[PDB]
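S.K.: The letter at position 28 of the sequence shown is residue 28 when you use PDB author numbering, and the numbering goes up by one with no holes.
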Amino acid sequence: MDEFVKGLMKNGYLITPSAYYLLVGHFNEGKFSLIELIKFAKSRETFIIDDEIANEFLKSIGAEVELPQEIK
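1) Output needed for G30: all residues of its chain with C-beta closer than 7 Å, excluding positions within five of it in sequence on either side, in chain order.
2) Alpha helix (DSSP H) containing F40: first to last residue?
3) From the DSSP output, in three-state form, read off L67 for me.
4) Tell me the rounded alpha-carbon separation between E64 and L22.
5) Given a cut-off of 8 Å on the beta-carbon distance, is the pair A19 and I71 in contact?
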């Protein structure tokens, strides 16, 4: 489909549209690299990047810092 989609499949990694629609924006802009995405899933020991992973990822790396409260 695309570079991002092909990049994952290259390492036997799959991605859902729910996460692609979001991860694409953070990937296309040049925020995170493919190497970082795979490094995250590695710690989780999984070959499926779903919305749950995408959320924890950006939250782990420290990106998209936009919260209504923002405490700590």
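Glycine included, each C-beta is placed from N, C-alpha and C at the ideal position.
M.R.: So, from the data block:
1) none
2) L34 to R44
3) coil
4) 11 Å
5) no
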